Structure formats: structure tokens, C-alpha cells
> 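Submitted below is the structure of interest, expressed as C-alpha cells.
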2 protein chains.
Amino acid sequence: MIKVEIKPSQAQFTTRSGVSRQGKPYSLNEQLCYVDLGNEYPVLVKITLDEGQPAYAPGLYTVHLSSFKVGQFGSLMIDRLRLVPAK
Amino acid sequence: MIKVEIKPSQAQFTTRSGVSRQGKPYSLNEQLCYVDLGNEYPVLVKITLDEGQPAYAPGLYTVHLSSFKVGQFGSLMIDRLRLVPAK
């Protein structure tokens, strides 16, 4: 269904850091990817990885169901784009 | 990929109305559906239909690509859940 591609140039993540107003230090890993939305070319999208999972290796992926949740207004939302290998 | 179901009880939409601060009257059609997120049972989700399209008839659907857009923070978002028939 959605085609996602991690190029050889996108195999690394970068890390954002900080602290909650409640004192707690956070760390977020982000990686770029290409998502085919059916335009001329794929579009560049930023993924925030889950705690403890590595960067996705280059290759083709599709979107795992756990990426979605029902939002506070009763409509479907993406929580975090969670990927699985293509075949 | 995502399995969406319109039950016989969900074949109708309701209409919300109003006016923009800029003067313009709007009308929004909403319908309910069931989305399998892989829990025990499907979850109830509210759809806002596009201008001029009717209520989806009861049956099985999946999610059309045009439901997604890149949001203002560079991550993928759902714009409006747009459906297509299952086979």
C-alpha cells in the first residue's frame, strides 16, 4: 500500500535531545525517507524512531498498522510512521 | 492494508454547518466506520467526506493514497480518510 524507501544516503539517524518541564531528559532519533504519494516523484518525510530501535537499513518498506491511532476528535491519525520490509 | 468497514447501521451521514470568520458558510458531512487496527475488535472512526461525494455504501474498503499529506513539521499526516472498495 504506501511505498516507503530509505535511500543509501538516508541510512543514518540524527538525535535530538532535551528535558521535560517535569525534569525528565529525552532523546529522539530521526531519519529521512522517501514516500510515494503518487506525485511526479516521491516526497521527503521525516520519521521519529521508537525508543531503542536502530535506523532502518536502505531498502523498500511499507507502513505497519501500529502507525495509526484514533485521535482526540474521533478521526484516524498517524501516531509515528512504523515500517516493515516490503516482501 | 488498512481494513475499513461501513456496517448497514453506518450507511447515512450527518451534516455539520457554520460560517468562517471571513463570512463563508460551510457544510461538512460526517460518517462513521470501523477500522481494524489489529485490536480485539475494530474501532469506531469518524470520516469527514469531501465536498460533493455521497456516503460510502456498506461494505469493505481500504485507504486511498490521497488520504495522506506531509505535515508542517515534515512528517506524514492523514489529511482526510479517503476510501476505495476492497477488491
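Below, chains carry the letters A, B, ... as their sequence lines are ordered, and counting in each starts from 1. What's counted below: heavy atoms across the whole structure, side chains too, no hydrogens, waters or symmetry copies.
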> For the atom pair CD1 (B/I78) and CG (A/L76), what is the distance rounded to the nearest 0.5 Å?
4.0 Å

> Donor-acceptor pairs under 3.5 Å, chain B to chain A, main chain and side chains both?
| unit_1 | atom_1 | unit_2 | atom_2 | d |
| --- | --- | --- | --- | --- |
| B/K46 | N | A/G74 | O | 3.0 |
| B/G74 | O | A/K46 | N | 3.0 |

> Among A/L37, A/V63, A/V35, find the one that has a side-chain contact (heavy atoms from CB on, under 4.5 Å) with B/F68.
A/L37

> Please state whether the side chain, the backbone, both or neither of B/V43 comes within less than 4.5 Å of a heavy atom of chain A.
side chain

> Are A/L81 and A/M77 co-members of a hydrophobic cluster defined by side-chain heavy atoms under 4.5 Å apart?
no

> Hydrophobic clusters here meaning ILVMFWY residues chained together by side-chain heavy-atom distances under 4.5 Å, can you tell me if A/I47 and A/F13 are in one?
yes

> Quick check on the hydrophobic clustering: are A/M1 and B/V45 connected, directly or via other members, by side-chain heavy-atom contacts under 4.5 Å?
yes

